[PDB]
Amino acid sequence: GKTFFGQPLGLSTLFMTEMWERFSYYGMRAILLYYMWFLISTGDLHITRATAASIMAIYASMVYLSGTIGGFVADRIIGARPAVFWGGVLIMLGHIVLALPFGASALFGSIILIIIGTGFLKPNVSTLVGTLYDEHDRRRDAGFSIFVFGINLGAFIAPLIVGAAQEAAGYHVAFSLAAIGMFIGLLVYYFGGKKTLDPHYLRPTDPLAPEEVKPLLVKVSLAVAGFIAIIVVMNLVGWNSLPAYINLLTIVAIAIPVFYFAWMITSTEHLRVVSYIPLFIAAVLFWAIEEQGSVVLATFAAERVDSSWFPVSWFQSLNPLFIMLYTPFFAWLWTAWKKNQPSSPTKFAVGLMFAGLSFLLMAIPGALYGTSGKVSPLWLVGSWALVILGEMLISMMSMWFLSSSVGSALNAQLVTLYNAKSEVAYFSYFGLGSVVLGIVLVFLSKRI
């Protein structure tokens, strides 16, 4: 009977939904940094480019931090399917804001909306993929890999389309294309959802019991009150610049996993919990490097590469393109190597080494040719090829979302150090350290 690549037909609906959401997001991010440079150039937005680069990073960090609680809100309060729909609506509006005839003023509002929207939609659409299968079903792992392919397909075509559009018709038109993308996603999700998805997920699957509401309400209130108290104090002492607020967001994001580990520490498994701290750190650093591709490598693409024959934002398509191209080989590998099954601990270690190699590679063109000229595009092609090899190896969801969020929070401080004069040193040292720490994990691997 009829399937979607051997899978339940509902997967097709979820496939397209997340593909288009990812289209809207990565299409936006492929030109967002350049947009801020533009606003800076016209004098409309008073920050340095270092700060603009910092904003791209903490933006990404908040988006995934939002996703750490999205599953909770859906499962306990509003339902997974409404979470996805209304999350999509918030994302679309966020994009519409940037298409409207405003400048810097629209930036904050657009970002907030998308942070909130993605937090609702992203974990829950992935959760919905699991709902197509029973606990028992074998196909479950194949389904998610297809889902991941869709994620990268959307991520792949968006820079091409949106980038071309910005150069031809301008930023507002381009941003509107991103909005249209999310809209298309909503249409297919809504009508395809009604046809192909279990109505059980129109409502929360674990609703709050009567005695759970008040303590939850206390919990969120204290967290919000405390967060706001700090902002009050920050203004009192004069720590009120945008870099100061970004520093606040970095800390909060980093504090969360620290506080989590630090007091959820029977000798049976205090060790076992402590065993995964190296694997979390490894993921954090790899995602840090991978996420800099839309910031540091995006800067290198615009400034240091001679690609005068197509929009420079197209370079953002290389990351997901390599994911798709690698899928065939890695599919073969996991089938073919039945015995091998290398450990998650060294998978993380090797993946980190590739990411560190990808940066060491980028140190070479500046070392060889100097930094005042322009080099071949294949340097970036080579850099993406290396880092994506790591990703294939690396591939709770909250914890996954957390790892990425922490990496991007780290980037928000690191990417400010990147500039023309720093270029080689930047790449050589953050590249080298990643290889070393990757190898350090190779010592403590089964000392675990």
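The term rigid core refers to the most C-alpha atoms you can superpose between the two forms while keeping them within 1.5 Å. Throughout, we count residues from 1 along the sequence that is shown.
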- Overlaying the structures in 8 other deposited structures of this protein on the rigid core, point out which of 86-94 and 142-150 has the bigger RMS C-alpha shift. 142-150
- Comparing 158-166 with 328-336, larger root-mean-square C-alpha distance from this form in 8 other deposited structures of this protein, core superposed, belongs to 328-336
- At least a third of the other compared entries leaving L386 unmodelled, is that the case? no
- Query: Do at least a third of the other compared PDB entries leave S176 without coordinates?
  - Reply: no
- Item | Deposited residues lacking coordinates between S395 and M396 (none, 1 to 3, 4 to 9, 10 or more) | 10 or more
- Here the number of deposited-sequence residues unresolved in the coordinates between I265 and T266 is 4 to 9
- Note on the structure: Ranked by mean Cα B-factor in the entry, 271-279 and 70-78, top stretch is 271-279
- Query: Looking at the entry, does 350-358 or 177-185 show the higher mean C-alpha B-factor?
  - Reply: 350-358
- Given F315, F147, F310, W337, the residue at which the Cα B factor reaches its maximum: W337
- Among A331, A301, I112, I96, single out the one with the highest C-alpha B factor in the record, please. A331
- Can you work out whether the C-alpha temperature factor of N319 puts it in the lowest, middle or highest third of the chain? lowest
- Item | Chain thirds of CA B-factor: placement of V406 | middle
- Query: What third of its chain, lowest, middle or highest, does the C-alpha temperature factor of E167 fall into?
  - Reply: highest
- Message: For the chain shown, is the CA B-factor of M36 in the lowest, middle or highest third of its modelled residues?
- Response: lowest
- Select lowest, middle or highest to describe the third in which the CA B-factor of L386 falls within its chain in this entry. middle
